[PDB]
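[1] just need the structure, nothing else, for what follows:
(chains A, B, C, D and E, ligands or ions: 1)
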Amino acid sequence: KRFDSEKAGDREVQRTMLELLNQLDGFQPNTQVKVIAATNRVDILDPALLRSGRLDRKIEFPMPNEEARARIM
Amino acid sequence: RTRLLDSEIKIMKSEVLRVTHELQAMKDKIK
Amino acid sequence: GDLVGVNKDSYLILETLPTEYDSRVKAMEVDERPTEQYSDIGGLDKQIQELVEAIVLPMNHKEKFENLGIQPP
Amino acid sequence: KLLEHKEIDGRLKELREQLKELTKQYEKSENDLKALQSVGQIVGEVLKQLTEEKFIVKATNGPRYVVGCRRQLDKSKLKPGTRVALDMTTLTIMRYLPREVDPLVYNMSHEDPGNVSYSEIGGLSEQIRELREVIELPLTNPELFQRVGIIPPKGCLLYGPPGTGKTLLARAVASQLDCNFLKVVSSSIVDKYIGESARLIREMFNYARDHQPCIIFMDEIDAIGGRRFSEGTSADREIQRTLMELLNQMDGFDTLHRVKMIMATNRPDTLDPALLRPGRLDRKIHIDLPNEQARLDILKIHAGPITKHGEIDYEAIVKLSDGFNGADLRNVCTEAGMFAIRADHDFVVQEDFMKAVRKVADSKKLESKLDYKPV
Amino acid sequence: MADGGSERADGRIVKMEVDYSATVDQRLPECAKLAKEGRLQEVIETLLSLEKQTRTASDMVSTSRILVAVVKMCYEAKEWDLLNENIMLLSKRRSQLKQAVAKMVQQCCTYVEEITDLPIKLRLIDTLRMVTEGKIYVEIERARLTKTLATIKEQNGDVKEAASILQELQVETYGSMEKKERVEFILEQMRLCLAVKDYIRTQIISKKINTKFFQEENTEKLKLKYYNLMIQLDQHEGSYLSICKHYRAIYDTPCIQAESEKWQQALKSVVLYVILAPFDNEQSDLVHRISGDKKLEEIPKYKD
Ligand SMILES: Nc1ncnc2c1ncn2[C@@H]1O[C@H](COP(=O)(O)OP(=O)(O)OP(=O)(O)O)[C@@H](O)[C@H]1O
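    Residues are numbered from 1 along each chain as shown, chains lettered A, B, ... in the order given. The relevant structure is shown in the block below.
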């Protein structure tokens, strides 16, 4: 999540990620790509990365209740 | 009955000119 | 931005190299493809279903999407 | 007895086609064999012109030289800072290209796609017409301004809620003029260096000084405009100096000629009040939330490629909507169609649209701070 | 509601053939309440279009019998109040005015042969407010051209109607895209500036002429006939040298014509303005650019 502050933070990275969206979508929009992202947390992400066509779905994974612990164990 | 003779001399000229298309092609292609 | 073969003397663009292999990316392509059937995913089977309806079927049948005629995810 | 005419005619046409195809590539290869004599010219640039034929130039990969042109190279057009190609051996000047391009400009200028015109938007006819007056007129006719005499204005700033189609309106302008669009996302400028940002600004403004009818568009100005507080930080002083590249270089000494500047932000409060004086940017025009023929007419543009029936109660959507942008109507029509994929209704039923209204109007819970009113 | 406007729309068509407009007074709060309901998409927009349509049947009853116009100003008094209660904020409930007022100018199309000027201009002072206020249309802008043209035809053009077109020249050039009929309206003020006899106002509205470009493709011969109005712009009052394109468009109109008299004055008017135009580089070459016609050397005044 971006900032308006000084001597701290990153203004880079997001160039790679808006270049990811930039080269991928819009510029000859072809449905020849599937974007799969698995973040541990969501609250650090920008709101401009998740809107409607950047990542369409928000698929949460809850805790293995009892039997997925015994199962995966 | 002479159009086949003129087109025939043009066909031997087509074999010579195709031999020079493979000389302009092949012989130049050597160098 | 290409690797090309150029004469040392005439400086003519002679041939294109078949060696543009791109470091790290072409190494980022997982070529082994380890196996994981869906018997391992225990507890997220609805997420398997919305996962397949979201992702797997746009790879197979866009006619499932565009005989209805909207968009893929 | 006439089969020999076609019997020699088809073979003559076949040997003529193979003769033309083989000898044609033999002639192209002969041009390549003559191109074996052709010499790679030298990339150099003019440092300064000394005399009529003495040219202080520099090799791009090293040393400096003084050479001359060929015979007819239009030496007056050689101005210091241009690029020349030189001879290899004699090293005299052979040609000059454009100058230079700095291809960070490439990946966002010709990145701009053509669009449908301002029929795509609606409910902004005051903005279309008056913003059309401040933009389109001095390239169609700047002499009505000169019949008056008074200089045309320069640029404006759009605001309102985010995502209301400021970018979409800029794409409508991108469909309207179709000429010289230089559209920058305007936050990728500070990489980690100081004057690199400025040097990209100077290069873009010099390219805009090159081409006459240039159009600039910028978005999310607050990451690059900012506000000058008391200096105690260490990273938006870069935005102060870069901001001063904007303060000078929207005016300069030379005014920009047919170089319009279209500005769009989400918060126009935190920008510099030094920027907020007119002349630089003439007016701050508000873009609102969509009204009901904006929701509807923009929705019906979105209801175009839809396998519907005589069922579509649109006011279920619109009256059950409460202000939703063009991409939110992409969300309504798209995810309503996703509910049409649910149980594989190959047609389009109206009741999925209300479901999309439920999902999106349900998903408005995470969003607040709906406005930023400038000045 | 749909059945609530189906019972009034279906249930109030009978009473127009017999009754005086007292069922219409039993429609003022019915259209007012159905519009206050106002189904937000296609329901009561169309049901109220039916009810304003049967209101125009009551206009065939009441406003086609006596032409009182007090019944009319009560009807657009409740159209005034009916435009008052709901916002219509680019809101799409508008066919209550579209074919209603389009049938009102259909009625005025049946009135200009029958009506005197006073109640029809009260109708015009209604629909100026109705269309300039209620979400400016496209076809009642051309009915605006014929209704302010009807105000022209009241006294057959004067300074007041020259002001009535000078207030309506460039207002609806940017709201509605148009190439034909308002271009046939932009030719109308030039005789409303020659009756004034104002050459510089003819050049102000000629600055209005050259803001309408791409004259071509509109109809088959729209602009070949419009060139008569383009040459009337500076015909007898025109200069000597600013008239080259002006005395070019005299000739492209009989270019269709195989005539030898009006096409002959197209020749002689495409050649005798060199006698107007003084010493020019454009003179001494265009006298041979236009030279090459077959019928041009067949005038001894052309030899002269
Ligand atoms: N006034 C309008 N007329 C027509 N279409 C509009 C209008 N406003 C928005 N849209 C639609 O909204 C979509 C997005 O518009 P746009 O990209 O301008 O959003 P934005 O205003 O740039 O938002 P933000 O600046 O907050 O990202 C476009 O596809 C466009 O069709």
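
[2] what sits up against the helix ranked longest in chain A?
    Ranked by number of residues, the top helix in chain A under DSSP state H is helix A:14-24. For helix A:14-24, contacts defined as C-beta atoms under 8 Å, 6 or more residues apart in numbering or on different chains pick out A:2, A:33, A:35, A:46, A:48-49, A:54, D:107, D:111, D:185, D:187-188, D:191. Bear in mind the C-beta positions are built from the backbone N, C-alpha and C, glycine included.

[3] could I get the full set of helices for the chain?
    Picked chain A for this. A:14-24, A:67-72.

[4] not what I meant, chain D
    Under DSSP H, chain D gives helices at D:3-35, D:106-109, D:125-135, D:137-140, D:143-148, D:166-176, D:195-210, D:237-249, D:292-301, D:314-320, D:326-341, D:351-362.

[5] wait, which of those helices is closest to residue C:55?
    Closest approach to residue C:55 among the helices of chain D (C-beta to C-beta): helix D:326-341, 13.5 Å.

[6] re the thing from before, need the contacts of helix A:14-24 in CSV with distance to residue E:63 and neighbour count, can you?
    Shown next, in CSV, are the contacts of helix A:14-24 (distance: C-beta to C-beta, whole Å; neighbours: other C-beta atoms under 10 Å in any protein chain shown):
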residue, distance to residue E:63, neighbour count
A:2, 66, 15
A:33, 66, 8
A:35, 66, 14
A:46, 64, 13
A:48, 60, 15
A:49, 63, 16
A:54, 60, 18
D:107, 67, 12
D:111, 61, 15
D:185, 61, 20
D:187, 64, 18
D:188, 67, 20
D:191, 75, 12
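
[7] which pair in those residues spans the largest distance?
    A:33 and D:191 (27.1 Å).

[8] which strand or helix spans the spatially closest residue to residue E:88 that is not a sequence neighbour?
    Of all residues not flanking residue E:88 in the chain, residue E:135 sits nearest, at 6.3 Å (C-beta to C-beta, 6 or more residues apart in numbering or on different chains). Taking DSSP states H and E as the definition, one finds residue E:135 inside no helix or strand.

[9] how many neighbours does residue E:135 have?
    16 (other C-beta atoms under 10 Å in any protein chain shown).

[10] that one and residue E:92 touch, don't they?
    No. If you go by C-beta atoms under 8 Å, residue E:135 and residue E:92 don't touch, sitting 9.6 Å apart.

[11] return the residues of the stretch 51-200 of chain D in contact with the ligand.
    D:120-124, D:162-169 (C-beta under 6 Å from any ligand atom).

[12] ok, so of those, who is nearest chain E?
    residue D:123 (4.4 Å; C-beta to the nearest C-beta).

[13] how many neighbours does the nearest residue to that closest one once chain neighbours are set aside have?
    Nearest non-adjacent residue to residue D:123, counting by C-beta to C-beta, 6+ apart: residue D:294, 3.8 Å away. Look at residue D:294: counted by other C-beta under 10 Å, it has 26 neighbours.

[14] what of residue A:11?
    20.

[15] mind listing what residue E:52 touches?
    Contacts of residue E:52 (C-beta under 8 Å, 6+ apart): E:31, E:96, E:97, E:99, E:100.

[16] among those residues, which ones are in strands?
    Of those, none are assigned to strands by DSSP state E.

[17] most widely separated two among those residues?
    E:31 and E:99 (14.9 Å).

[18] more crowded one of these two?
    residue E:31 (23 against 16).

[19] and the spatially closest residue to that one that is not a sequence neighbour, helix, strand or coil?
    Distance criterion C-beta to C-beta, 6+ apart; nearest residue to residue E:31, sequence neighbours excluded, is residue E:51 at 5.5 Å. Under DSSP: H, G, I helix; E, B strand; the rest coil, residue E:51 falls in the helix class.

[20] number of residues surrounding residue E:51?
    23.

[21] for the ligand, give me its nearest residue in chain E.
    residue E:90 (10.1 Å; C-beta to the nearest ligand atom).

[22] doesn't residue D:291 make contact with that residue?
    Yes. Residue E:90 sits in contact with residue D:291 when judged by C-beta under 8 Å, with a separation of 4.5 Å.

[23] identify the contacts common to those two.
    Shared contacts of residue E:90 and residue D:291, counting by C-beta under 8 Å, 6+ apart, come down to residue D:123.

[24] is stretch D:339-357 anywhere near chain A?
    No. Residues of stretch D:339-357 contacting chain A under C-beta under 8 Å from any C-beta of the partner chain: none, with a closest distance of 11.5 Å.

[25] one more: stretch D:218-235?
    Yes. Stretch D:218-235 reaches chain A (C-beta under 8 Å from any C-beta) through D:222, D:223, D:226, D:232, D:233, D:234, D:235.

[26] what sits up against that stretch?
    With C-beta under 8 Å, 6+ apart as the criterion, stretch D:218-235 contacts A:2, A:4-9, A:11, D:166-167, D:170, D:183-187, D:189-190, D:236-237, D:239-240, D:242-243, D:246, D:261-267, D:270-272, D:274-275.

[27] what subset of the residues you listed is buried?
    Listed as buried from those are A:6, A:11, D:166-167, D:170, D:183-187, D:189-190, D:236-237, D:239-240, D:242-243, D:246, D:261-267, D:271-272, D:275; burial here means 16 or more other C-beta atoms under 10 Å in any protein chain shown.

[28] most proximal residue of chain D with respect to chain A?
    residue D:233 (2.2 Å).

[29] quick one: contacts for residue D:262?
    Taking C-beta under 8 Å, 6+ apart, we find residue D:262 in contact with D:135, D:155, D:156, D:158, D:170, D:173, D:215, D:216, D:217, D:218.

[30] if we use 7 Å, what do you get?
    Taking C-beta atoms under 7 Å, 6 or more residues apart in numbering or on different chains, we find residue D:262 in contact with D:155, D:170, D:173, D:215, D:216, D:217.

[31] now residue D:105
    Residue D:105 touches D:203, D:204, D:207, counting by C-beta under 7 Å, 6+ apart.

[32] of those residues, which is the nearest to chain E?
    residue D:207 (30.1 Å).

[33] keep the contacts of residue E:52, but drop any that are not near the ligand.
    Okay, of the contacts of residue E:52, nothing touches the ligand (C-beta under 6 Å from any ligand atom).

[34] columns distance to residue D:329 on top of these, output as JSON lines?
    Putting those into JSON lines (distance: C-beta to C-beta, whole Å) gives the following:
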{"residue": "E:31", "distance to residue D:329": "32"}
{"residue": "E:96", "distance to residue D:329": "25"}
{"residue": "E:97", "distance to residue D:329": "26"}
{"residue": "E:99", "distance to residue D:329": "28"}
{"residue": "E:100", "distance to residue D:329": "30"}
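
[35] where does the residue in chain C sticking out farthest from the centre fall, secondary structure wise?
    Within chain C, the residue lying farthest from the chain centre (C-alpha atoms, centre = their mean) is residue C:9, at 41.1 Å. For residue C:9, there is no helix or strand it lies in under DSSP H and E.

[36] what residues does the residue of chain E closest to the ligand make contact with?
    D:122, D:123, D:291, D:292, D:293, D:294.

[37] what about 6 Å?
    Applying C-beta atoms under 6 Å, 6 or more residues apart in numbering or on different chains to residue E:90 gives the contacts D:123, D:291, D:293.

[38] measure it to residue D:298 for me?
    11 Å (C-beta to C-beta, to the nearest Å).

[39] also residue C:52?
    From residue C:52 to residue D:298 the distance is 33 Å (C-beta to C-beta).
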